[PDB]
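Enquirer: structure_17.pdb is the file, holding PDB, C-alpha atoms (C1' of nucleotides):
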ATOM      1  CA  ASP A  94     -30.415  26.978 -53.769
ATOM      2  CA  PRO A  95     -28.434  26.691 -57.015
ATOM      3  CA  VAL A  96     -31.615  26.370 -59.090
ATOM      4  CA  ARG A  97     -32.770  29.885 -58.191
ATOM      5  CA  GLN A  98     -29.269  31.132 -59.040
ATOM      6  CA  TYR A  99     -29.277  29.633 -62.544
ATOM      7  CA  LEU A 100     -32.876  30.619 -63.320
ATOM      8  CA  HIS A 101     -32.002  34.209 -62.399
ATOM      9  CA  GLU A 102     -28.905  34.109 -64.619
ATOM     10  CA  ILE A 103     -30.753  32.849 -67.695
ATOM     11  CA  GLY A 104     -33.341  35.421 -66.640
ATOM     12  CA  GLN A 105     -31.027  38.350 -67.386
ATOM     13  CA  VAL A 106     -30.706  37.323 -71.050
ATOM     14  CA  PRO A 107     -33.925  38.519 -72.724
ATOM     15  CA  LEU A 108     -35.775  36.428 -75.256
ATOM     16  CA  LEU A 109     -35.073  37.181 -78.912
ATOM     17  CA  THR A 110     -37.536  38.375 -81.537
ATOM     18  CA  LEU A 111     -38.333  36.423 -84.693
ATOM     19  CA  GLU A 112     -36.256  39.009 -86.563
ATOM     20  CA  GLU A 113     -33.313  38.503 -84.196
ATOM     21  CA  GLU A 114     -33.833  34.733 -84.357
ATOM     22  CA  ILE A 115     -33.576  34.819 -88.155
ATOM     23  CA  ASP A 116     -30.622  37.223 -88.050
ATOM     24  CA  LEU A 117     -28.584  35.203 -85.541
ATOM     25  CA  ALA A 118     -29.303  31.930 -87.349
ATOM     26  CA  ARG A 119     -28.263  33.688 -90.566
ATOM     27  CA  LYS A 120     -24.910  34.904 -89.228
ATOM     28  CA  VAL A 121     -24.259  31.413 -87.839
ATOM     29  CA  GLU A 122     -24.727  29.770 -91.238
ATOM     30  CA  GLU A 123     -22.758  32.571 -92.904
ATOM     31  CA  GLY A 124     -19.923  32.153 -90.409
ATOM     32  CA  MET A 125     -19.844  28.379 -90.872
ATOM     33  CA  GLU A 126     -19.632  28.863 -94.641
ATOM     34  CA  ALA A 127     -16.982  31.550 -94.134
ATOM     35  CA  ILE A 128     -14.883  28.971 -92.270
ATOM     36  CA  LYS A 129     -15.079  26.444 -95.114
ATOM     37  CA  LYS A 130     -13.903  29.035 -97.640
ATOM     38  CA  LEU A 131     -10.978  29.777 -95.312
ATOM     39  CA  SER A 132     -10.048  26.081 -95.359
ATOM     40  CA  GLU A 133      -9.818  26.434 -99.151
ATOM     41  CA  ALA A 134      -7.890  29.722 -99.131
ATOM     42  CA  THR A 135      -5.419  28.913 -96.339
ATOM     43  CA  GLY A 136      -5.582  25.109 -96.566
ATOM     44  CA  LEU A 137      -5.925  23.992 -92.930
ATOM     45  CA  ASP A 138      -8.690  22.086 -91.188
ATOM     46  CA  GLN A 139     -12.156  23.357 -90.295
ATOM     47  CA  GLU A 140     -11.954  22.609 -86.566
ATOM     48  CA  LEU A 141      -8.640  24.478 -86.351
ATOM     49  CA  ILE A 142     -10.129  27.755 -87.604
ATOM     50  CA  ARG A 143     -13.207  26.936 -85.516
ATOM     51  CA  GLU A 144     -11.263  26.948 -82.241
ATOM     52  CA  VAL A 145      -8.978  29.871 -83.128
ATOM     53  CA  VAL A 146     -12.091  31.959 -83.804
ATOM     54  CA  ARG A 147     -13.718  30.712 -80.590
ATOM     55  CA  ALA A 148     -10.591  31.623 -78.618
ATOM     56  CA  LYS A 149     -10.231  35.210 -79.872
ATOM     57  CA  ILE A 150     -13.925  35.805 -79.092
ATOM     58  CA  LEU A 151     -14.942  34.263 -75.768
ATOM     59  CA  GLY A 152     -11.626  34.666 -73.933
ATOM     60  CA  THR A 153      -8.114  36.102 -73.969
ATOM     61  CA  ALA A 154      -6.117  33.344 -72.261
ATOM     62  CA  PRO A 166       0.042  26.639 -77.300
ATOM     63  CA  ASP A 167      -1.468  30.009 -76.375
ATOM     64  CA  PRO A 168       1.395  32.353 -77.418
ATOM     65  CA  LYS A 169       2.572  30.202 -80.338
ATOM     66  CA  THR A 170       0.132  28.011 -82.273
ATOM     67  CA  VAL A 171      -3.000  30.060 -81.548
ATOM     68  CA  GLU A 172      -1.460  33.452 -82.334
ATOM     69  CA  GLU A 173       0.537  32.244 -85.350
ATOM     70  CA  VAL A 174      -2.616  30.829 -86.955
ATOM     71  CA  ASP A 175      -4.498  34.060 -86.239
ATOM     72  CA  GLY A 176      -1.505  35.988 -87.570
ATOM     73  CA  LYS A 177      -1.580  34.106 -90.868
ATOM     74  CA  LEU A 178      -5.313  34.822 -91.087
ATOM     75  CA  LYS A 179      -4.663  38.516 -90.414
ATOM     76  CA  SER A 180      -2.104  38.565 -93.257
ATOM     77  CA  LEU A 181      -4.578  37.850 -96.045
ATOM     78  CA  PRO A 182      -6.046  39.949 -98.873
ATOM     79  CA  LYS A 183      -9.059  42.164 -98.252
ATOM     80  CA  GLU A 184     -11.335  39.966-100.373
ATOM     81  CA  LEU A 185     -10.425  36.937 -98.227
ATOM     82  CA  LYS A 186     -10.325  38.707 -94.847
ATOM     83  CA  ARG A 187     -14.068  39.357 -95.182
ATOM     84  CA  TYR A 188     -14.665  35.701 -94.302
ATOM     85  CA  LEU A 189     -12.555  36.152 -91.160
ATOM     86  CA  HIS A 190     -14.812  38.945 -89.887
ATOM     87  CA  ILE A 191     -17.893  37.007 -91.016
ATOM     88  CA  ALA A 192     -16.734  33.958 -89.048
ATOM     89  CA  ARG A 193     -16.050  36.021 -85.912
ATOM     90  CA  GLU A 194     -19.508  37.608 -85.776
ATOM     91  CA  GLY A 195     -21.007  34.281 -86.834
ATOM     92  CA  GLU A 196     -19.501  32.708 -83.727
ATOM     93  CA  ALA A 197     -20.841  35.630 -81.696
ATOM     94  CA  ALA A 198     -24.275  34.844 -83.145
ATOM     95  CA  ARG A 199     -23.985  31.217 -82.018
ATOM     96  CA  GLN A 200     -23.281  32.399 -78.465
ATOM     97  CA  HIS A 201     -26.307  34.704 -78.287
ATOM     98  CA  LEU A 202     -28.539  32.141 -80.015
ATOM     99  CA  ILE A 203     -27.681  29.649 -77.263
ATOM    100  CA  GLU A 204     -27.987  32.113 -74.376
ATOM    101  CA  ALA A 205     -31.406  33.416 -75.444
ATOM    102  CA  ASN A 206     -32.873  29.882 -75.550
ATOM    103  CA  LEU A 207     -31.469  28.479 -72.293
TER     104      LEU A 207
ATOM    105  CA  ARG B 212     -35.853  54.758 -99.180
ATOM    106  CA  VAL B 213     -33.629  54.848-102.278
ATOM    107  CA  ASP B 214     -33.303  58.177-104.112
ATOM    108  CA  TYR B 215     -32.537  57.109-107.679
ATOM    109  CA  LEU B 216     -30.828  59.277-110.296
ATOM    110  CA  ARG B 217     -33.019  58.873-113.383
ATOM    111  CA  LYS B 218     -32.119  60.151-116.854
ATOM    112  CA  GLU B 219     -34.034  60.024-120.127
ATOM    113  CA  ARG B 220     -34.250  61.670-123.545
ATOM    114  CA  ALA B 221     -37.761  62.867-124.377
ATOM    115  CA  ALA B 222     -39.382  64.698-127.278
ATOM    116  CA  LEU B 223     -41.386  67.921-127.107
ATOM    117  CA  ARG B 224     -43.170  70.289-129.487
ATOM    118  CA  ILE B 225     -44.091  73.924-128.809
ATOM    119  CA  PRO B 226     -44.576  77.108-130.868
ATOM    120  CA  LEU B 227     -41.467  79.103-131.720
ATOM    121  CA  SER B 228     -43.183  82.265-130.467
ATOM    122  CA  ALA B 229     -43.190  81.127-126.829
ATOM    123  CA  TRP B 230     -39.840  79.319-126.619
ATOM    124  CA  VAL B 231     -37.261  81.072-124.441
ATOM    125  CA  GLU B 232     -34.137  79.995-126.299
ATOM    126  CA  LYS B 233     -31.339  78.269-124.364
ATOM    127  CA  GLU B 234     -29.133  75.184-124.671
ATOM    128  CA  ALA B 235     -28.791  74.030-121.041
ATOM    129  CA  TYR B 236     -31.743  74.145-118.653
ATOM    130  CA  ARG B 237     -31.927  74.557-114.844
ATOM    131  CA  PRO B 238     -34.746  73.466-112.506
ATOM    132  CA  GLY B 239     -37.600  75.956-112.305
ATOM    133  CA  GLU B 240     -36.830  78.357-115.152
ATOM    134  CA  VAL B 241     -39.164  79.188-118.035
ATOM    135  CA  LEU B 242     -38.950  77.105-121.206
ATOM    136  CA  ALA B 243     -41.841  78.896-122.939
ATOM    137  CA  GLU B 244     -44.399  81.635-122.239
ATOM    138  CA  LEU B 245     -47.421  80.750-124.372
ATOM    139  CA  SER B 246     -49.737  83.519-125.557
ATOM    140  CA  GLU B 247     -52.660  81.125-126.106
ATOM    141  CA  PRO B 248     -53.287  77.484-125.145
ATOM    142  CA  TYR B 249     -51.496  74.913-127.292
ATOM    143  CA  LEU B 250     -52.428  71.293-128.012
ATOM    144  CA  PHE B 251     -49.280  69.151-127.807
ATOM    145  CA  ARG B 252     -50.042  66.286-130.187
ATOM    146  CA  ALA B 253     -48.752  62.752-130.586
ATOM    147  CA  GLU B 254     -46.604  62.211-133.673
ATOM    148  CA  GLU B 255     -46.755  58.398-133.348
ATOM    149  CA  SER B 256     -49.271  55.802-132.160
ATOM    150  CA  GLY B 257     -49.397  53.259-129.345
ATOM    151  CA  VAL B 258     -50.554  52.881-125.753
ATOM    152  CA  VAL B 259     -49.716  55.689-123.327
ATOM    153  CA  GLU B 260     -47.795  55.098-120.101
ATOM    154  CA  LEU B 261     -48.343  58.179-117.922
ATOM    155  CA  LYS B 262     -45.670  58.546-115.230
ATOM    156  CA  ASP B 263     -46.426  61.503-112.964
ATOM    157  CA  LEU B 264     -43.280  63.361-111.927
ATOM    158  CA  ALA B 265     -42.831  65.965-109.179
ATOM    159  CA  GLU B 266     -44.539  68.757-111.124
ATOM    160  CA  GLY B 267     -44.186  67.278-114.611
ATOM    161  CA  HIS B 268     -45.296  64.259-116.637
ATOM    162  CA  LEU B 269     -43.827  61.723-119.051
ATOM    163  CA  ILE B 270     -45.882  60.033-121.768
ATOM    164  CA  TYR B 271     -44.606  56.622-122.889
ATOM    165  CA  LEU B 272     -46.168  55.511-126.183
ATOM    166  CA  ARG B 273     -45.348  51.846-126.795
ATOM    167  CA  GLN B 274     -46.209  49.237-129.416
ATOM    168  CA  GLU B 275     -45.593  45.601-128.395
ATOM    169  CA  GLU B 276     -42.588  45.841-126.015
ATOM    170  CA  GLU B 277     -40.638  48.608-127.771
ATOM    171  CA  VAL B 278     -41.080  52.377-127.476
ATOM    172  CA  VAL B 279     -42.080  54.565-130.418
ATOM    173  CA  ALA B 280     -41.517  58.021-128.846
ATOM    174  CA  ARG B 281     -40.529  59.448-125.444
ATOM    175  CA  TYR B 282     -42.670  62.456-124.518
ATOM    176  CA  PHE B 283     -41.953  65.184-121.962
ATOM    177  CA  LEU B 284     -44.738  67.255-120.389
ATOM    178  CA  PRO B 285     -43.282  70.353-118.675
ATOM    179  CA  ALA B 286     -45.043  72.104-115.822
ATOM    180  CA  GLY B 287     -48.050  74.070-117.001
ATOM    181  CA  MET B 288     -48.845  71.470-119.693
ATOM    182  CA  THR B 289     -51.652  69.350-118.257
ATOM    183  CA  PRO B 290     -52.107  65.873-119.771
ATOM    184  CA  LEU B 291     -55.231  65.065-121.764
ATOM    185  CA  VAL B 292     -54.784  61.272-121.547
ATOM    186  CA  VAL B 293     -54.983  58.686-118.765
ATOM    187  CA  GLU B 294     -52.509  55.955-117.814
ATOM    188  CA  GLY B 295     -53.480  53.016-120.019
ATOM    189  CA  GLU B 296     -55.183  54.597-123.009
ATOM    190  CA  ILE B 297     -55.166  54.070-126.773
ATOM    191  CA  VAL B 298     -54.000  57.043-128.838
ATOM    192  CA  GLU B 299     -53.228  57.468-132.528
ATOM    193  CA  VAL B 300     -51.271  59.947-134.632
ATOM    194  CA  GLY B 301     -52.587  63.502-134.453
ATOM    195  CA  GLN B 302     -54.491  63.080-131.186
ATOM    196  CA  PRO B 303     -53.510  65.655-128.532
ATOM    197  CA  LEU B 304     -51.926  64.376-125.324
ATOM    198  CA  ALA B 305     -51.510  67.581-123.295
ATOM    199  CA  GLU B 306     -52.589  71.222-123.434
ATOM    200  CA  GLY B 307     -49.950  73.863-122.787
ATOM    201  CA  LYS B 308     -51.723  76.489-120.691
ATOM    202  CA  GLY B 309     -49.982  79.594-119.373
ATOM    203  CA  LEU B 310     -46.185  79.715-119.228
ATOM    204  CA  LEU B 311     -44.454  76.339-119.009
ATOM    205  CA  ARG B 312     -41.381  75.702-116.861
ATOM    206  CA  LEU B 313     -38.948  72.960-115.912
ATOM    207  CA  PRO B 314     -39.877  71.014-112.753
ATOM    208  CA  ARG B 315     -38.156  72.089-109.548
ATOM    209  CA  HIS B 316     -36.247  68.790-109.190
ATOM    210  CA  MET B 317     -35.318  68.155-112.838
ATOM    211  CA  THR B 318     -32.452  69.337-115.050
ATOM    212  CA  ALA B 319     -32.533  69.431-118.864
ATOM    213  CA  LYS B 320     -29.342  69.419-120.942
ATOM    214  CA  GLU B 321     -28.395  68.736-124.578
ATOM    215  CA  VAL B 322     -31.469  70.333-126.122
ATOM    216  CA  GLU B 323     -32.087  69.893-129.837
ATOM    217  CA  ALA B 324     -33.976  72.309-132.092
ATOM    218  CA  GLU B 325     -36.032  71.646-135.235
ATOM    219  CA  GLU B 326     -38.056  74.584-136.556
ATOM    220  CA  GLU B 327     -40.869  73.845-139.023
ATOM    221  CA  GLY B 328     -42.983  76.931-139.604
ATOM    222  CA  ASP B 329     -44.033  78.224-136.193
ATOM    223  CA  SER B 330     -43.513  74.856-134.446
ATOM    224  CA  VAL B 331     -40.231  73.719-132.878
ATOM    225  CA  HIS B 332     -39.332  70.080-132.171
ATOM    226  CA  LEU B 333     -37.206  69.671-129.033
ATOM    227  CA  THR B 334     -35.496  66.495-127.799
ATOM    228  CA  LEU B 335     -33.838  67.234-124.450
ATOM    229  CA  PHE B 336     -31.880  65.108-121.972
ATOM    230  CA  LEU B 337     -33.538  65.130-118.545
ATOM    231  CA  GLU B 338     -32.165  64.128-115.148
ATOM    232  CA  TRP B 339     -34.043  64.031-111.850
ATOM    233  CA  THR B 340     -34.049  62.319-108.458
ATOM    234  CA  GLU B 341     -36.974  59.910-108.062
ATOM    235  CA  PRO B 342     -37.373  58.328-104.603
ATOM    236  CA  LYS B 343     -38.801  54.838-104.206
ATOM    237  CA  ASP B 344     -39.644  53.171-100.894
ATOM    238  CA  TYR B 345     -38.933  49.492-100.215
ATOM    239  CA  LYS B 346     -40.411  47.122 -97.628
ATOM    240  CA  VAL B 347     -38.164  44.482 -96.045
ATOM    241  CA  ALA B 348     -39.454  41.459 -94.115
ATOM    242  CA  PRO B 349     -37.823  39.589 -91.205
ATOM    243  CA  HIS B 350     -36.656  36.918 -93.681
ATOM    244  CA  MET B 351     -34.640  39.661 -95.445
ATOM    245  CA  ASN B 352     -31.365  41.330 -94.444
ATOM    246  CA  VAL B 353     -30.189  44.754 -95.626
ATOM    247  CA  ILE B 354     -26.714  44.817 -97.166
ATOM    248  CA  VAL B 355     -25.985  48.517 -97.730
ATOM    249  CA  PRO B 356     -25.597  51.169 -94.991
ATOM    250  CA  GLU B 357     -27.161  54.599 -94.576
ATOM    251  CA  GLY B 358     -26.193  57.037 -97.315
ATOM    252  CA  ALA B 359     -24.546  54.345 -99.444
ATOM    253  CA  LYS B 360     -24.012  55.575-102.997
ATOM    254  CA  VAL B 361     -25.312  52.646-105.052
ATOM    255  CA  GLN B 362     -25.348  51.691-108.734
ATOM    256  CA  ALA B 363     -27.730  49.785-110.981
ATOM    257  CA  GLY B 364     -27.907  46.000-110.847
ATOM    258  CA  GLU B 365     -26.499  45.864-107.312
ATOM    259  CA  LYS B 366     -28.297  43.951-104.566
ATOM    260  CA  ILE B 367     -29.663  46.324-101.919
ATOM    261  CA  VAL B 368     -31.480  43.877 -99.625
TER     262      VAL B 368
ATOM    263  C1'  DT C   1     -32.931  15.112 -87.593
ATOM    264  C1'  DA C   2     -38.084  20.472 -88.244
ATOM    265  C1'  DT C   3     -46.037  22.791 -86.479
ATOM    266  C1'  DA C   4     -44.699  25.237 -81.877
ATOM    267  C1'  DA C   5     -43.097  24.724 -77.583
ATOM    268  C1'  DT C   6     -38.801  29.736 -73.762
ATOM    269  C1'  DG C   7     -37.797  31.023 -65.156
ATOM    270  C1'  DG C   8     -38.800  24.917 -60.165
ATOM    271  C1'  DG C   9     -41.237  23.171 -56.724
ATOM    272  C1'  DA C  10     -41.628  21.682 -52.047
TER     273       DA C  10
END
Would it be possible to restate this file's structure as structure tokens?

Expert:
Amino acid sequence: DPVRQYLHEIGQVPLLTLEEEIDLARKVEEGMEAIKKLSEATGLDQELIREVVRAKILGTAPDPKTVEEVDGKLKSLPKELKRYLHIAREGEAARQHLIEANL
Amino acid sequence: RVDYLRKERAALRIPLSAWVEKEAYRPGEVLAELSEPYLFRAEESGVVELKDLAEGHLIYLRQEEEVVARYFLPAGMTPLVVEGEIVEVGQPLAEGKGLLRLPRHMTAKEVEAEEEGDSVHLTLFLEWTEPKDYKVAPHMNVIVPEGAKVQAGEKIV
DNA sequence: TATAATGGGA
């Protein structure tokens, strides 16, 4: 019975309060806007930063080259512009939890 | 909860006989030991704004939007007016009864001195920590952490 | 493209 398996799995993730629902939706929109301001600072495409942030969050494993060299360039940025890196990371974490809590 | 650091220059008038003479003032010490009650009078006109402090008071006499005189009511000087009253020149605002002191959470520095007969006109620089609580709704997110030293004009929430 | 809706069914 795979249906009882999946219902139990989405059962472990508790529902989210209206405060958490506003906070997660906030960090999502903040992260998405943090990505666009990185496409202005660094100069590369939105979807590129989008996937490099998704990688470094949801899983460890070109993997050694293109992914790490883009993240390395992002890590070698001023403090005032590395804020938007951290904001994008937690914003992508917020998207994950927003999805999981509403399955 | 935000504990502000508030500072203000305020005027005061007491008899010379009671004034314990100093230049820099600490919280709690005696500023004057009055032999008999004294009526601390307004020297200007306007509407009074009565801000109650920890164990002191501050009278704000204002005409239009500007301020005509900042008034300091030390401990042991009970106000004779109510928040939102009309006063004119010569009307008493507080009665100095007993010996008057500085409030326990307030510091007075840069005191002036103007003696006219038995009366002395003081304008001192006060500093005290005034807490103020703030309510935040779910549609609001806090920006500063616990214990964050903050400055004026900055967004807290 | 927006009321809110949050663990199946034989």

Enquirer: Please enclose the listed atoms of segment 186-197 of chain A in an axis-aligned box, pad each side by 8 Å, and write out the centre and the three edge lengths in Å, rounded to one decimal, as lines of an AutoDock Vina configuration file.

Expert:
center_x = -15.7
center_y = 36.0
center_z = -88.4
size_x = 26.7
size_y = 22.6
size_z = 29.5

Enquirer: Which residues are close to residue 110 of chain A, i.e. within 12 Å by only C-alpha atoms (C1' of nucleotides), leaving aside same-chain residues fewer than 4 positions away? Reply as a PyMOL selection string.

Expert: (chain A and resi 114-118+202+205-206) or (chain B and resi 349) or (chain C and resi 6)

Enquirer: Spell out the residues picked by the PyMOL selection byres ((chain A) within 8 of (chain C)) here, as a list in words.

Expert: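 Here the PyMOL selection byres ((chain A) within 8 of (chain C)) matches residues 96, 100, 101, 103, 104, 108, 206 and 207 of chain A.
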
Enquirer: Please provide the set of residues having any atom within 7 Å of residue 308 of chain B, restricted to only C-alpha atoms (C1' of nucleotides), with same-chain residues fewer than 2 positions apart removed, written as a PyMOL selection string.

Expert: chain B and resi 248-249+287-288+306+310

Enquirer: Take the residues from that selection and write them out as an mmCIF file, in the coordinates of the input, keeping C-alpha atoms.

Expert:
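Once everything was written out, this is result.cif:
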data_model
loop_
_atom_site.group_PDB
_atom_site.id
_atom_site.type_symbol
_atom_site.label_atom_id
_atom_site.label_comp_id
_atom_site.auth_asym_id
_atom_site.auth_seq_id
_atom_site.Cartn_x
_atom_site.Cartn_y
_atom_site.Cartn_z
ATOM 1 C CA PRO B 248 -53.287 77.484 -125.145
ATOM 2 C CA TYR B 249 -51.496 74.913 -127.292
ATOM 3 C CA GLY B 287 -48.050 74.070 -117.001
ATOM 4 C CA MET B 288 -48.845 71.470 -119.693
ATOM 5 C CA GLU B 306 -52.589 71.222 -123.434
ATOM 6 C CA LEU B 310 -46.185 79.715 -119.228
#

Enquirer: List as a PyMOL selection string: which residues have an atom within 6 Å of (-18.4, 32.2, -92.4), counting only C-alpha atoms (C1' of nucleotides)?

Expert: chain A and resi 123-128+188+191-192

Enquirer: Residues picked by the PyMOL selection byres ((chain B and resi 317) around 6) here, as a list in words?

Expert: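 Taken on the displayed file, the PyMOL selection byres ((chain B and resi 317) around 6) yields the residues residues 238, 314, 315, 316, 318, 338 and 339 of chain B.
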
Enquirer: Which residues, written as a tab-separated table (two decimals) with C-alpha atoms, in the frame of the given file, have at least one atom at most 10 Å from segment 151-175 of chain A, with only C-alpha atoms (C1' of nucleotides) counted and residues fewer than 3 positions away on the same chain left out?

Expert:
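Here's the written file selection-v2.tsv:
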chain	number	residue	atom	x	y	z
A	135	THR	CA	-5.42	28.91	-96.34
A	137	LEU	CA	-5.92	23.99	-92.93
A	141	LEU	CA	-8.64	24.48	-86.35
A	142	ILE	CA	-10.13	27.76	-87.60
A	144	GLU	CA	-11.26	26.95	-82.24
A	145	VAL	CA	-8.98	29.87	-83.13
A	146	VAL	CA	-12.09	31.96	-83.80
A	147	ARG	CA	-13.72	30.71	-80.59
A	148	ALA	CA	-10.59	31.62	-78.62
A	178	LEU	CA	-5.31	34.82	-91.09
A	179	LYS	CA	-4.66	38.52	-90.41
A	180	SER	CA	-2.10	38.56	-93.26
A	189	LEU	CA	-12.56	36.15	-91.16
A	196	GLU	CA	-19.50	32.71	-83.73
A	197	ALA	CA	-20.84	35.63	-81.70
A	200	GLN	CA	-23.28	32.40	-78.46

Enquirer: Evaluate the PyMOL selection byres ((chain B) within 12 of (chain A)) against this structure - the residues, as a VMD selection string, please.

Expert: chain B and resid 347 to 353

Enquirer: Just checking: using all atoms listed in the file, which residue out of B:340, B:276, B:261, B:357 ends up closest to residue 291 of chain B?

Expert: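 Looking at the shortest contact to residue 291 of chain B, the residue is B:261.
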
Enquirer: In Å, rounded to a single decimal, give me how far atom CA of residue 234 of chain B is from atom CA of residue 246 of chain B.

Expert: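 One can read the atom CA of residue 246 of chain B to atom CA of residue 234 of chain B distance as 22.2 Å.
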
Enquirer: Between atom CA of residue 321 of chain B and atom CA of residue 235 of chain B, measure the distance and give it in Å to one decimal.

Expert: 6.4 Å

Enquirer: From the list B:312, B:220, B:332, B:343, which residue is nearest residue 271 of chain B when using only C-alpha atoms?

Expert: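 For residue 271 of chain B, the nearest of the given residues is B:220.
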
Enquirer: Quick check, in Å to one decimal: how far apart do atom CA of residue 221 of chain B and atom CA of residue 334 of chain B lie?

Expert: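 Pair atom CA of residue 221 of chain B / atom CA of residue 334 of chain B returns 5.5 Å.
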
Enquirer: Could you give me, as a CSV table (one decimal) with C-alpha atoms, in the frame of the given file, the residues that have an atom at most 7 Å away from the point (-42.3, 76.8, -121.8) in the coordinates of the file, using only C-alpha atoms (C1' of nucleotides)?

Expert:
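Final file, part01.csv:
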chain,number,residue,atom,x,y,z
B,229,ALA,CA,-43.2,81.1,-126.8
B,230,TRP,CA,-39.8,79.3,-126.6
B,241,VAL,CA,-39.2,79.2,-118.0
B,242,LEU,CA,-39.0,77.1,-121.2
B,243,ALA,CA,-41.8,78.9,-122.9
B,244,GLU,CA,-44.4,81.6,-122.2
B,245,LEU,CA,-47.4,80.8,-124.4
B,310,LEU,CA,-46.2,79.7,-119.2
B,311,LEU,CA,-44.5,76.3,-119.0
B,312,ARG,CA,-41.4,75.7,-116.9

Enquirer: Extract, using only C-alpha atoms (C1' of nucleotides), all DNA, RNA and protein residues at most 12 Å from segment 335-337 of chain B, discarding same-chain residues fewer than 5 positions from it, and format them as a count of residues only.

Expert: 37

Enquirer: Take segment 347-361 of chain B from the block and save it with N, CA, C and O atoms, as a CSV table (one decimal), in the first residue's frame.

Expert:
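Saved as out_31.csv:
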chain,number,residue,atom,x,y,z
B,347,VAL,N,4.2,43.6,17.8
B,347,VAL,CA,4.5,43.2,16.4
B,347,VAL,C,3.5,42.1,16.0
B,347,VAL,O,3.3,41.1,16.7
B,348,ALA,N,2.9,42.2,14.8
B,348,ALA,CA,1.9,41.4,14.3
B,348,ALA,C,2.5,40.3,13.4
B,348,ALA,O,3.7,40.4,13.1
B,349,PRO,N,1.7,39.3,13.0
B,349,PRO,CA,2.3,38.3,12.1
B,349,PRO,C,2.7,38.8,10.8
B,349,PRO,O,3.7,38.3,10.2
B,350,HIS,N,2.1,39.9,10.3
B,350,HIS,CA,2.5,40.5,9.1
B,350,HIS,C,3.7,41.4,9.3
B,350,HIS,O,3.9,42.3,8.4
B,351,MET,N,4.5,41.3,10.3
B,351,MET,CA,5.6,42.1,10.6
B,351,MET,C,6.8,41.2,11.0
B,351,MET,O,6.6,40.2,11.7
B,352,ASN,N,8.0,41.5,10.6
B,352,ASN,CA,9.2,40.7,10.9
B,352,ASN,C,10.2,41.6,11.6
B,352,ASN,O,10.5,42.7,11.2
B,353,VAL,N,10.8,41.1,12.7
B,353,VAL,CA,11.8,41.8,13.5
B,353,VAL,C,13.1,41.7,12.8
B,353,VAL,O,13.5,40.7,12.2
B,354,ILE,N,13.9,42.8,12.8
B,354,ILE,CA,15.1,42.9,12.1
B,354,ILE,C,16.3,42.8,13.0
B,354,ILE,O,17.3,42.3,12.6
B,355,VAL,N,16.2,43.4,14.2
B,355,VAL,CA,17.3,43.5,15.1
B,355,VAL,C,17.3,42.3,16.1
B,355,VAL,O,16.2,41.7,16.4
B,356,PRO,N,18.5,41.8,16.6
B,356,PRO,CA,18.5,40.7,17.5
B,356,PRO,C,18.3,41.2,19.0
B,356,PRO,O,18.0,42.3,19.3
B,357,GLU,N,18.5,40.2,19.9
B,357,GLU,CA,18.4,40.6,21.3
B,357,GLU,C,19.7,41.3,21.7
B,357,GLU,O,20.8,41.0,21.4
B,358,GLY,N,19.5,42.4,22.5
B,358,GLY,CA,20.6,43.2,23.0
B,358,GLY,C,21.2,44.1,22.0
B,358,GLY,O,22.3,44.6,22.2
B,359,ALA,N,20.6,44.3,20.8
B,359,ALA,CA,21.2,45.1,19.7
B,359,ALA,C,21.2,46.6,20.1
B,359,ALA,O,20.1,47.2,20.3
B,360,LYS,N,22.4,47.1,20.2
B,360,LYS,CA,22.5,48.6,20.4
B,360,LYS,C,22.1,49.3,19.2
B,360,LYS,O,22.7,49.1,18.1
B,361,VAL,N,21.0,50.1,19.3
B,361,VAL,CA,20.4,50.7,18.1
B,361,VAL,C,20.5,52.2,18.3
B,361,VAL,O,20.8,52.8,19.3
